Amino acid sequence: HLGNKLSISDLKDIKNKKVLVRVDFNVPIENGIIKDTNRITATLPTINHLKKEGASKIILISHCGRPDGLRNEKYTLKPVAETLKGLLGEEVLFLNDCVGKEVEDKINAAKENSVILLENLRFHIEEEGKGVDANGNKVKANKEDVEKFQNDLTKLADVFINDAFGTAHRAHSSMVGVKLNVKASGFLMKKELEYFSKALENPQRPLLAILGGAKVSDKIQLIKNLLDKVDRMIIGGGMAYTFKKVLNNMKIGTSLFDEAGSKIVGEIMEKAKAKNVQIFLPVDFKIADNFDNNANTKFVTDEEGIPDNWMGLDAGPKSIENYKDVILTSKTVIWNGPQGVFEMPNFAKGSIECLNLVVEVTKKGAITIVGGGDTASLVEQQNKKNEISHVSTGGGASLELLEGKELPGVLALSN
């Protein structure tokens, strides 16, 4: 369902054909200067394979930020065109509009084998389907108009390449609209599906999910679905104290208690025993007398519990130790979830040590996947990106996929 999709590295003879590539260019910009060039850098291998493979034109469509169907100086793709010139060694044509009888007239009769970037897709209301007007009121797009926009994209090119995995969860016009015969994943999309398929379709057992973060309540379905696929789970960092008070009536102090989530842990634990999943909650905690880096700290176990005005912010050394046997015996791991407040040096040991083990287990041969933001922020703070099998770029779609969702942008691809 997820790993049998047509990819760019199979498109026999794309020579002399017009290619539309949906890319992810949602980059940090600050006074017209791109603060982080990492996306777009990631786009080159697909742009380049199209170059060396023939290809009359290479049309690039993407979005930046959330402009909500209105034009907006703040979210232009123009500085992205500037950067691409330095990275390709050629002039890049940047057009101020996405669709029209005039833009397909500037693509045609523009240097052969060249790349063209079109202006932000979300400047049109018909990309998403909904907008907000000049005053800040939700506007909905005419159905006639969305249909027209999708027809206009479809006639910009001959072949559609989708290299924007971070939007595949949205059923937007660029995801489900380009109705050409050949619809293939770019290299980025390819690598996303390849690994997610490797861990979700037919993984090699045991299969571990490391979950973490503050709330239990937004990660309900994320847990529910996983308990079907997963062999073992580590629940940690914040959401653990909710599990602890509800299951072991542990004294929690002023630790983050998720009242919405507290209602459902019983349900989760029932499904867990039912699906035969090992659970591994923390067994001990580093606690502090105030939620900041520079506060007094000590250690308590699950049975001693937490003093009445103190709070747990990281797993204790024994829980850390306890995930030596859990991670190292696993032949595939899905992470996504810090094991405490890693942004805070003192209360970071847990997440850092967890990473060291995942790096190690990858070295031992296992397949490892890092999920959303935060966890990736850690992987990138530590500069360990490629000691892990895969770190998913964009947590919109990666969460949804791990959640059990279908992903419209993946289904729109050929086979």
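Numbering starts at 1 and follows the sequence shown.
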Next item on the list: Read off the CA B-factors in the entry, average them over 176 to 184 and over 252 to 260, and name the higher stretch.
Entry: 252 to 260
Check: Is the mean CA B factor in the deposited entry higher across 226 to 234 or across 101 to 109?
Finding: 101 to 109
Note to self: Using only the C-alpha B-factors in the record, can you name which of 295, 171, 164, 121 has the highest?
What the structure shows: 295
Item checked: Candidate residues 306, 159, 87, 117, the one whose C-alpha B factor the record puts highest -> 306
Check: Within this chain, which third does the Cα B-factor at residue 203 fall in: lowest, middle or highest?
Finding: highest
Item checked: Chain-wide C-alpha B factor ranking for residue 323, given as lowest, middle or highest third -> highest
Checklist line | Record-listed C-alpha B factor of residue 69: chain third | finding: middle
Notebook entry, point to check: Among the chain's modelled residues, which third holds the C-alpha B-factor of residue 11?
Noted result: highest
Checklist line | residue 335, C-alpha B-factor rank within chain (lowest, middle or highest third) | finding: lowest
